[PDB]
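Visitor: experimental structure and sequence below.
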Amino acid sequence: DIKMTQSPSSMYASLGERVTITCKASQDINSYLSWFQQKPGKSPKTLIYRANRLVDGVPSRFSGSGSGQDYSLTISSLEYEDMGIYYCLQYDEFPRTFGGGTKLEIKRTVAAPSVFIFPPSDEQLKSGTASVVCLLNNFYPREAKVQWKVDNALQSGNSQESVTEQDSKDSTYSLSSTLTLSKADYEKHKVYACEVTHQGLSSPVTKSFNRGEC
Amino acid sequence: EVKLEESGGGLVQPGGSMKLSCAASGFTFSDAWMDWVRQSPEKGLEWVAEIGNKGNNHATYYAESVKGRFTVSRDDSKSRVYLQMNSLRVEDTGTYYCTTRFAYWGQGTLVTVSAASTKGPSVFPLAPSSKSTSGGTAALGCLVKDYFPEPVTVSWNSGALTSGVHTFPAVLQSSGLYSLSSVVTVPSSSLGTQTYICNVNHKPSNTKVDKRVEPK
Ligand SMILES: CC(=O)N[C@@H]1[C@@H](O[C@@H]2O[C@H](CO)[C@H](O)[C@H](O[C@]3(C(=O)O)C[C@H](O)[C@@H](NC(C)=O)[C@H]([C@H](O)[C@H](O)CO)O3)[C@H]2O)[C@H](O[C@@H]2O[C@@H](C)[C@@H](O)[C@@H](O)[C@@H]2O)[C@@H](CO)O[C@H]1O
Ligand code: NA
């Protein structure tokens, strides 16, 4: 099996920057090399085939080069819509083999998250479980610390985070942190708070509510 | 335009069987060689099978990991390519794509090989806060909890509302069930005037839920 090695594994680049990523095969693949871009939750799209041929409709800022074992994809001037994960494929032999992917994210100015906290719904409480949700909207960079305090007691092991990939329009992230307790546990405490630390904030921001209060 | 659309993906127990189909349009199908490619978080993109055109007499090729268990075939009169999967393994789980000459791709169909049960989600409102915001923007959403397998789709107000929507990737809970939230930023002034409904669809369980999200 021909091993396809892509580099770098991930990178950040600025709008308008020239970006080059590489794909190296373990043997001469005679330019039977294609490049794909995949956006979050969507199917791959082929950009380049036979090392340097553009698929019809692909923007001209994309170009491929190389021969033998070593190939590269270049974006002449990065656009916001170029964020995603890039893959290469050799189809000189069987099995066809893919590279491991290069994640490309766009640099932008720091943006502090807008923070919201949601108590569990009365509808859910009937079920015996309580979900408390903390939302961080449209922030950059990705790094963000979200800590749950229940009556000022730090929580651990009972929360899960989900983060969107960069938004195609403003290159920001959003994040949800969901604290899961039993209803019995939920109804015997009062103060529920999510503390957010992010470099766009001068100091940590806390959103909180008191169980039962409108 | 070239179009590919896969179907047939779903939940199946280990050792079970499943047939995928790919409907093609917008090109001379009989002249195109076709491939199945699958994707998982653990393995990335993985080639599965190839079937040639009439140039090489519909010859087939397979990845070693699926040889003898998977069979690719095609119906040139129907413009269809198929993937019959037998003796399925947990590691066969992933999104399966049909592609023509590795140049165009379908949307993908999800194959889940697991002993876990199908479960439709409960949909709970994430009600906008009653405390005002400084600058007139509020957030609300829906929590789509405890479902299996993927996927769920969420729209707002039957598709009229797209601006400001963030639907998060599903998280697998320790229970083995998925959960996700879909949120929207809206004007605080509209929370009394405007109705907000999240339309949740979990086709694996035949579930459709429309949940209104109200203040308080
Ligand atoms: C066009 C076609 O279907 N021709 C087949 C022929 O398959 C071609 O074989 C060449 C190498 O001989 C190459 O693999 C072609 O692949 C690509 C390419 O790199 O040119 C793949 C690209 O994604 C694709 N791009 C788009 C936009 O579609 C291009 C494009 O279709 C052609 O360049 C247009 O002329 O094609 C490949 O298409 C085939 O050859 C057999 O199958 C191949 C996959 C390969 O394994 C060969 O070794 C093998 O002999 C023959 C015999 O079945 O039949 C022709 O019709
Ligand atoms: Na050619």
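Guide: Perfect, I can see it now. Residues are numbered from 1 along each chain as shown, chains lettered A, B, ... in the order given. Ligands and ions are numbered 1, 2, ... in the order given.
Visitor: residues of chain B that sit close to ligand 1?
Guide: Contact residues (C-beta under 6 Å from any ligand atom) of chain B with ligand 1: B:33, B:52-53, B:55-56, B:101-103. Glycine gets a C-beta too; all of them are placed from N, C-alpha and C.
Visitor: mind listing what residue 159 touches?
Guide: Going with chain A. Residue A:159 makes contact with A:146, A:148, A:177-180, according to C-beta atoms under 8 Å, 6 or more residues apart in numbering or on different chains.
Visitor: wait, chain B
Guide: Applying C-beta under 8 Å, 6+ apart, the residues near residue B:159 are residue B:199.
Visitor: quick one on the thing from earlier: list just the nearest of the residues of chain B next to ligand 1 to residue A:56.
Guide: For the residues of chain B next to ligand 1, the closest approach to residue A:56 (C-beta to C-beta) belongs to residue B:103, at 9.0 Å.
Visitor: hang on, the earlier thing: could you redo the contacts of residue A:159 as TSV and give each row secondary structure, distance to ligand 1 and neighbour count?
Guide: Formatted as TSV, the contacts of residue A:159 follow (DSSP: H, G, I helix; E, B strand; the rest coil; distance: C-beta to the nearest ligand atom, whole Å; neighbours: other C-beta atoms under 10 Å in any protein chain shown):
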residue	secondary structure	distance to ligand 1	neighbour count
A:146	strand	44	19
A:148	strand	49	21
A:177	strand	43	21
A:178	strand	43	24
A:179	strand	48	22
A:180	strand	47	19
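Visitor: before we move on, back to that, drop anything exposed from the residues of chain B next to ligand 1.
Guide: B:33, B:53, B:101-102 (16 or more other C-beta atoms under 10 Å in any protein chain shown).
Visitor: can you list those in a markdown table and add secondary structure and distance to chain A?
Guide: As requested, these are exported to a markdown table (DSSP: H, G, I helix; E, B strand; the rest coil; distance: C-beta to the nearest C-beta, whole Å):
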| residue | secondary structure | distance to chain A |
| --- | --- | --- |
| B:33 | coil | 10 |
| B:53 | coil | 15 |
| B:101 | coil | 8 |
| B:102 | coil | 6 |
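Visitor: only alpha carbons, please: show stretch A:9-19 as PDB.
Guide: Written as PDB, here are the backbone C-alpha positions of stretch A:9-19 (Å, rounded to 0.1, in the frame of the first residue of the first chain):
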ATOM      1  CA  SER A   9      -1.200  18.300  10.000                       C
ATOM      2  CA  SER A  10      -2.900  21.700  10.800                       C
ATOM      3  CA  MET A  11      -2.100  25.400  10.200                       C
ATOM      4  CA  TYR A  12      -3.400  28.900  10.600                       C
ATOM      5  CA  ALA A  13      -3.100  31.500   7.900                       C
ATOM      6  CA  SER A  14      -4.400  35.000   7.300                       C
ATOM      7  CA  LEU A  15      -6.800  36.300   4.700                       C
ATOM      8  CA  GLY A  16      -4.900  37.000   1.500                       C
ATOM      9  CA  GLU A  17      -1.900  34.900   2.500                       C
ATOM     10  CA  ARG A  18      -0.200  32.400   0.200                       C
ATOM     11  CA  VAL A  19      -0.600  28.900   1.500                       C
END
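Visitor: all set, thanks.
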